[PDB]
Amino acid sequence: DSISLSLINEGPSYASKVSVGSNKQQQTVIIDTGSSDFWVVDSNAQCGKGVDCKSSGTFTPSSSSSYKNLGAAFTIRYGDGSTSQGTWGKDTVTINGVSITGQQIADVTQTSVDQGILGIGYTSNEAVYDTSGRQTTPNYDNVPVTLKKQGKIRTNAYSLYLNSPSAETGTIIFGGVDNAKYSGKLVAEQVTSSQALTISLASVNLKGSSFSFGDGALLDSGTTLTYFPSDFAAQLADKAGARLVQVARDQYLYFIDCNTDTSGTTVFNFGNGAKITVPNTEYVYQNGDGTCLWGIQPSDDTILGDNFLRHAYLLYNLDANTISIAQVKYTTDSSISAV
């Protein structure tokens, strides 16, 4: 069976409404293929300095009759350095009316993130370790696994439709696919890590020139922009006219002139002949002050974030270890089938 869930385009992130507890407390949480844990902002949390973290729903464990404490510490650090911490528990999770019982989640009492995060990646990427390198609580069934085990979906799989850059909403379908929302055929690509939702990216064609890559790229709904290894990003920046700026002690970001020509397209070539094309508007990110970030940035990690993913329809299949991709077709027409 399938569960369609609306994605709110928040700007940097895409979020959905998900209820927790016996009393179905609504949380608005980021849908994140790049992490694997579902955590919620406790109503008694302390937000980090400068962070409005209690405006997107909060969770009061003491008002849920079904909340169970697991007696284990939770800590996570994300790629941008933000963190959350709390403790592990289990409770009922409800997604567009469909409830799963005894779902392990983290009750977060301190965070520098604006809202909770629903991590839907592989169980092997759960944040269950401490800074010593020891595992402090075991790996567990995260939301997609539990949806399968409780009979709500047939297969641990979900389709991602972020929709166009201007769209207010997109859709994630757990256990289904909307065959109206792409052109060509969905091409299954093998996932290249047992822990991360990466597929092999063969090359990037930018301003008409090919740049060979040949390494995995994380298809991360929870990243705003696109990240490449420093050397490769610098080659692309030399072609694009982007400028590397030291913005803090150990952070560097590419900027680009806000009036840059964005008439062209950037092409991403994957396995089995698959290609995704991205309009170049996606690489000029307005800062609102007459400066613009480039949509590609340096990192040790390769990540194709939302500025890529808006242009693909993706069927992530965590049971098969494939991600099937096709050029998106923006349409309200819908032809949904279970997977």
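Quick note: we count residues from 1 along the sequence shown, nothing fancier. Throughout, rigid core stands for the largest set of C-alpha atoms superposing within 1.5 Å between the two forms.
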To spell it out: superpose each other structure in 4 other deposited structures of this protein onto this one by the rigid core, compute Cα RMS over structures and residues for 244-252 and for 152-160. Which is larger?
244-252
Which stretch is more displaced from the shown form in 4 other deposited structures of this protein, 257-265 or 197-205, with RMS over structures and residues of Cα positions after a rigid core fit?
257-265
Tell me which of 275-283 and 42-50 has the higher mean C-alpha B-factor in the deposited entry.
42-50
Avg C-alpha B-factor, entry values, 233-241 vs 83-91, higher side is 233-241
In terms of recorded Cα temperature factor, pick the maximum from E126, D250, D220, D141.
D250
Among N321, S16, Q327, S22, where is the Cα temperature factor highest, going by the PDB entry?
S22
Considering only modelled residues of the same chain, in which third does the CA B-factor of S35 rank: lowest, middle or highest?
lowest
Among the modelled residues of its chain, the C-alpha B-factor of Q297 falls in the third labelled middle
Please place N307 in the lowest, middle or highest third of its chain by C-alpha B factor as given in the entry.
lowest
Taking the chain's C-alpha temperature factors as the reference, tell me which third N205 falls into: lowest, middle or highest.
lowest
Hey, what third does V177 fall into on Cα B-factor, ranked over its chain?
middle
